[PDB]
Amino acid sequence: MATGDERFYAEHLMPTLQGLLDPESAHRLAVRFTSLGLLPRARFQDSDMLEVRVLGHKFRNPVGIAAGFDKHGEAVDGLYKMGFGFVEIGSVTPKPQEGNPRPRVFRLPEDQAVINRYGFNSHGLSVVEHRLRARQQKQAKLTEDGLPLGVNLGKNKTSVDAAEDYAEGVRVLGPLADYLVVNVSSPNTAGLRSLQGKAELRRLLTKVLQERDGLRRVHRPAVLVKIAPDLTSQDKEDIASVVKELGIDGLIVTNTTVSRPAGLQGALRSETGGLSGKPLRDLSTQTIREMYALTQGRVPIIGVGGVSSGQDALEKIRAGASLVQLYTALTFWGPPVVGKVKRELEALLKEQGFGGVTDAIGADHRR
Ligand SMILES: Cc1cc2nc3c(=O)[nH]c(=O)nc-3n(C[C@H](O)[C@H](O)[C@H](O)COP(=O)(O)O)c2cc1C
Ligand SMILES: COc1ccc(Nc2ccc(Oc3ccccc3)cc2)c(C(=O)O)c1
Ligand SMILES: CCCCCCCCCC[N+](C)(C)[O-]
Ligand SMILES: O=C(O)c1cc(=O)[nH]c(=O)[nH]1
């Protein structure tokens with residue numbers, strides 16, 4: 001069934017799977033299989049070249065699974081087995097909520113893209129907290145061994161107080177996380193991205209950071225802000241300013257886009273939702289570049305958006321990312337894409353005269 005092998009997955013297994021299952025069903029199955037550890041052998045051995053020290057942690061490799069794949073913290077261990085250097089779970093909302101009605105995920109095969117409007121379907125903080133607690137010491141050892149865990153926090157659709165939603169997330173899941181993500185960037189919850197402008201963003205993040213600072217040292221995560229690729233130059237300037245003013249630990253750049261770039265071919269291109277995958281790639285990379293420059297290279301960036309190769313990863317790294325994430329590439333190429341990206345990244349680093357990933361971070365800005 002599953003042997004096992006970049007070409008077999010890309011050319012045969014995944015196309016067949018996608019012919020049989022709609023994207024959300026495939027997503028549910030992928031989560032189930034991953035949680036059981038039913039995966040092809042991750043042959044790739046991580047070299048010292050790929051190791052990154054950032055956010056107060058060691059990362060065995062700079063390739064993570066983006067938020068949204070494991071929304072409820074169900075497959076964390078299987079994701080490490082897949083070869084990810086770090087795992088981000090979420091977004092998690094304070095209370096459980098169902099998200100949007102189905103269908104709410106759409107493939108754009110011709111574009112190597114996906115559009116989703118899940119709408120923060122979440123088991124909620126309490127369920128995710130107990131799920132994480134069940135493996136807390138296991139995670140502590142994984143983190144020690146260079147495999148950190150991120151938790152992405154959302155807010156409920158019907159919440160009257162957005163900042164309090166995030167504050168609850170910090171208090172409940174913060175003690176279980178190496179880093180937290182304040183997701184102010186979903187396409188798919190009304191109002192949400194408006195948390196990205198200035199005086200209100202400052203208010204929100206001050207509250208978040210205060211809650212984080214009130215956790216015991218051993219349970220005190222880094223706090224990152226995940227931003228949209230659709231921000232105005234003014235928005236980006238404002239975010240960079242608040243980030244530096246408040247001492248936000250890092251940025252995740254970017255979420256999905258509500259733009260529909262010219263050239264999309266998929267029949268479903270005009271579905272409502274965030275677009276991910278290849279058509280997002282360079283928009284994300286350019287946002288990384290801008291944010292790195294606006295923060296003077298002093299604020300760690302996790303680069304995400306259309307990464308499916310070593311070149312994609314390195315471009316983001318050279319643009320200013322210390323780490324990268326992918327999601328959409330996994331949906332088309334399956335688990336072997338993780339080793340592929342890592343292998344290609346290591347080769348490109350050597351070819352371009354970099355001693356390791358760390359040496360390449362922001363290299364474009366020094367040209
Ligand atoms: C199906 C789907 C669900 C997602 N859910 C979340 C989410 O819950 N929280 C979040 O911060 N990002 C979410 N994302 C955005 C991804 O984390 C990532 O930022 C974006 O997809 C770009 O990366 P990619 O092109 O590699 O997929 C989701 C993306 C997709 C494809
Ligand atoms: C919207 O969110 C997703 C998530 C996973 C997907 N697919 C997928 C990802 C990993 C898989 O993992 C495997 C592959 C082969 C053997 C065992 C597990 C399988 C399907 C898809 C899709 O098919 O469109 C969509
Ligand atoms: C998730 C869709 C099914 C794809 C085929 C499953 C691959 C099983 C992996 C094989 N094995 C677990 C032994 O390595
Ligand atoms: O749950 C979702 O709809 C969602 C959240 C998010 O942050 N990004 C995204 O593309 N979808």
# chains A, B, ... in the order shown; residues from 1 in each chain; ligands from 1

$ closest_atom_pairs --of "chain A" --to "ligand 2" --cutoff "6 Å" --atoms "only C-alpha atoms and all ligand atoms" --output "tab-separated table"
residue	atom	partner	partner_atom_place_in_ligand_line	distance
A:2	CA	ligand 2	16 (C)	5.2
A:18	CA	ligand 2	23 (O)	5.1
A:23	CA	ligand 2	24 (O)	3.7
A:24	CA	ligand 2	1 (C)	5.3
A:26	CA	ligand 2	23 (O)	4.7
A:27	CA	ligand 2	4 (C)	3.5
A:30	CA	ligand 2	11 (C)	4.3
A:33	CA	ligand 2	18 (C)	5.6
A:38	CA	ligand 2	17 (C)	5.8
A:39	CA	ligand 2	17 (C)	4.8
A:105	CA	ligand 2	1 (C)	5.9
A:330	CA	ligand 2	9 (C)	5.4
A:331	CA	ligand 2	6 (C)	4.0
A:334	CA	ligand 2	10 (C)	4.7
A:335	CA	ligand 2	12 (O)	5.7

$ residues_near_ligand --ligand "ligand 4" --cutoff "9 Å" --atoms "only C-alpha atoms and all ligand atoms" --output "PDB file with C-alpha atoms, in the first residue's frame"
ATOM      1  CA  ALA A  67      -1.085  24.910  11.970  1.00  0.00           C
ATOM      2  CA  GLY A  68      -4.378  23.551  10.665  1.00  0.00           C
ATOM      3  CA  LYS A  71      -5.953  21.333  14.799  1.00  0.00           C
ATOM      4  CA  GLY A  90      -4.208  24.412  16.352  1.00  0.00           C
ATOM      5  CA  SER A  91      -5.766  26.781  15.908  1.00  0.00           C
ATOM      6  CA  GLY A  99     -16.605  25.553  12.128  1.00  0.00           C
ATOM      7  CA  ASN A 100     -18.316  26.218   8.782  1.00  0.00           C
ATOM      8  CA  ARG A 104     -15.314  23.786   3.379  1.00  0.00           C
ATOM      9  CA  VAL A 105     -12.055  22.643   1.742  1.00  0.00           C
ATOM     10  CA  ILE A 115      -8.751  26.858  -0.629  1.00  0.00           C
ATOM     11  CA  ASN A 116     -10.163  26.292   2.846  1.00  0.00           C
ATOM     12  CA  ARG A 117     -12.841  27.896   4.968  1.00  0.00           C
ATOM     13  CA  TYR A 118     -12.828  25.523   7.958  1.00  0.00           C
ATOM     14  CA  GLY A 119     -13.752  28.413  10.256  1.00  0.00           C
ATOM     15  CA  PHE A 120     -11.789  27.334  13.345  1.00  0.00           C
ATOM     16  CA  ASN A 121     -13.347  23.911  13.887  1.00  0.00           C
ATOM     17  CA  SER A 122     -11.904  23.077  17.297  1.00  0.00           C
ATOM     18  CA  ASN A 152      -1.676  28.116  17.756  1.00  0.00           C
ATOM     19  CA  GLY A 154      -7.759  31.102  18.043  1.00  0.00           C
ATOM     20  CA  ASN A 183      -3.411  33.882  15.178  1.00  0.00           C
ATOM     21  CA  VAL A 184      -4.758  37.207  14.176  1.00  0.00           C
ATOM     22  CA  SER A 185      -4.705  36.189  10.498  1.00  0.00           C
ATOM     23  CA  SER A 186      -7.487  33.785   9.530  1.00  0.00           C
ATOM     24  CA  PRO A 187      -9.474  34.522   6.380  1.00  0.00           C
ATOM     25  CA  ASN A 188     -12.310  32.617   7.912  1.00  0.00           C
ATOM     26  CA  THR A 189     -13.514  34.330  11.080  1.00  0.00           C
ATOM     27  CA  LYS A 226       0.993  34.892  12.818  1.00  0.00           C
ATOM     28  CA  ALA A 228      -1.706  37.479   6.807  1.00  0.00           C
ATOM     29  CA  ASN A 255      -1.289  32.556   6.865  1.00  0.00           C
ATOM     30  CA  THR A 256      -3.380  31.840   3.740  1.00  0.00           C
ATOM     31  CA  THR A 257      -4.386  34.588   1.294  1.00  0.00           C
ATOM     32  CA  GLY A 273     -11.568  30.992   1.844  1.00  0.00           C
ATOM     33  CA  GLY A 274      -7.832  31.221   2.318  1.00  0.00           C
ATOM     34  CA  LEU A 275      -5.676  30.134  -0.600  1.00  0.00           C
ATOM     35  CA  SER A 276      -2.557  28.077   0.182  1.00  0.00           C
TER      36      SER A 276
END

$ closest_residue --among "A:137, A:61, A:358, A:308" --to "ligand 1" --atoms "only C-alpha atoms and all ligand atoms"
A:308

$ closest_residue --among "A:70, A:144, A:211, A:165" --to "ligand 1" --atoms "only C-alpha atoms and all ligand atoms"
A:70

$ closest_residue --among "A:69, A:166, A:179, A:86" --to "ligand 1" --atoms "only C-alpha atoms and all ligand atoms"
A:69

$ select_by_dssp --residues "range 28-264 of chain A" --states "strand (DSSP E or B)" --output "PyMOL selection string"
chain A and resi 52-54+57-59+63-65+86-92+97+105-108+113-116+122+149-153+179-183+222-227+250-253+257

$ residues_around --residues "residue 125 in chain A" --least-positions-apart "6" --cutoff "8 Å" --atoms "only C-alpha atoms" --output "number ranges by chain"
A: 92-96, 169, 172-173

$ atom_distance --atom1 "atom 3 (C, counted along the ligand's line) of ligand 1" --atom2 "CA of residue 215 in chain A"
29.1 Å

$ residues_around --residues "residue 88 in chain A" --least-positions-apart "6" --cutoff "6 Å" --atoms "only C-alpha atoms" --output "VMD selection string"
chain A and resid 66 to 67 149 to 151

$ closest_residue --among "A:338, A:37, A:270, A:15" --to "ligand 3" --atoms "only C-alpha atoms and all ligand atoms"
A:37

$ residues_around --residues "residue 339 in chain A" --least-positions-apart "3" --cutoff "9 Å" --atoms "only C-alpha atoms" --output "mmCIF file with C-alpha atoms, in the first residue's frame"
data_model
loop_
_atom_site.group_PDB
_atom_site.id
_atom_site.type_symbol
_atom_site.label_atom_id
_atom_site.label_comp_id
_atom_site.auth_asym_id
_atom_site.auth_seq_id
_atom_site.Cartn_x
_atom_site.Cartn_y
_atom_site.Cartn_z
ATOM 1 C CA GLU A 6 8.769 10.155 -3.158
ATOM 2 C CA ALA A 42 11.372 8.593 7.081
ATOM 3 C CA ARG A 43 14.751 7.523 5.687
ATOM 4 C CA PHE A 44 16.405 10.960 5.948
ATOM 5 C CA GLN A 45 18.900 11.444 8.787
ATOM 6 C CA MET A 82 7.230 11.979 9.574
ATOM 7 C CA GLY A 83 10.490 13.942 10.008
ATOM 8 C CA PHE A 84 9.223 17.409 10.996
ATOM 9 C CA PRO A 335 4.743 12.215 3.864
ATOM 10 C CA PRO A 336 7.890 11.761 1.689
ATOM 11 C CA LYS A 342 15.222 18.514 4.026
ATOM 12 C CA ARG A 343 17.499 16.631 1.602
ATOM 13 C CA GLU A 344 17.214 19.344 -1.070
#

$ residues_around --residues "range 107-112 of chain A" --least-positions-apart "6" --cutoff "9 Å" --atoms "only C-alpha atoms" --output "VMD selection string"
chain A and resid 22 to 23 263 to 269 276 to 279 306 328 to 329 332

$ write_last_selection --atoms "C-alpha atoms" --output "tab-separated table (two decimals), in the first residue's frame"
chain	number	residue	atom	x	y	z
A	22	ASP	CA	-12.67	14.74	-0.88
A	23	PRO	CA	-10.03	16.95	0.83
A	263	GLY	CA	-3.41	32.75	-13.42
A	264	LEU	CA	-5.30	30.37	-11.12
A	265	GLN	CA	-6.69	27.51	-13.21
A	266	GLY	CA	-8.57	25.34	-10.70
A	267	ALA	CA	-12.34	25.25	-11.31
A	268	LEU	CA	-12.82	26.09	-7.62
A	269	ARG	CA	-10.61	29.25	-7.68
A	276	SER	CA	-2.56	28.08	0.18
A	277	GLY	CA	0.18	26.30	-1.80
A	278	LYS	CA	2.24	27.40	-4.81
A	279	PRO	CA	0.26	30.58	-5.73
A	306	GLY	CA	3.87	27.28	-0.63
A	328	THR	CA	-0.32	22.15	1.37
A	329	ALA	CA	2.70	20.31	-0.12
A	332	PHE	CA	-0.28	16.69	-2.84

$ residues_around --residues "residue 206 in chain A" --least-positions-apart "4" --cutoff "8 Å" --atoms "only C-alpha atoms" --output "PyMOL selection string"
chain A and resi 202+210+246

$ closest_residue --among "A:356, A:78, A:174, A:305" --to "ligand 3" --atoms "only C-alpha atoms and all ligand atoms"
A:78

$ select_by_dssp --residues "range 229-342 of chain A" --states "helix (DSSP H, G or I)" --output "VMD selection string"
chain A and resid 233 to 246 278 to 294 310 to 319 328 to 333 336 to 342

$ closest_residue --among "A:178, A:333, A:325, A:97" --to "ligand 3" --atoms "only C-alpha atoms and all ligand atoms"
A:333

$ atom_distance --atom1 "CA of residue 243 in chain A" --atom2 "CA of residue 224 in chain A"
9.2 Å

$ atom_distance --atom1 "CA of residue 53 in chain A" --atom2 "CA of residue 314 in chain A"
16.7 Å
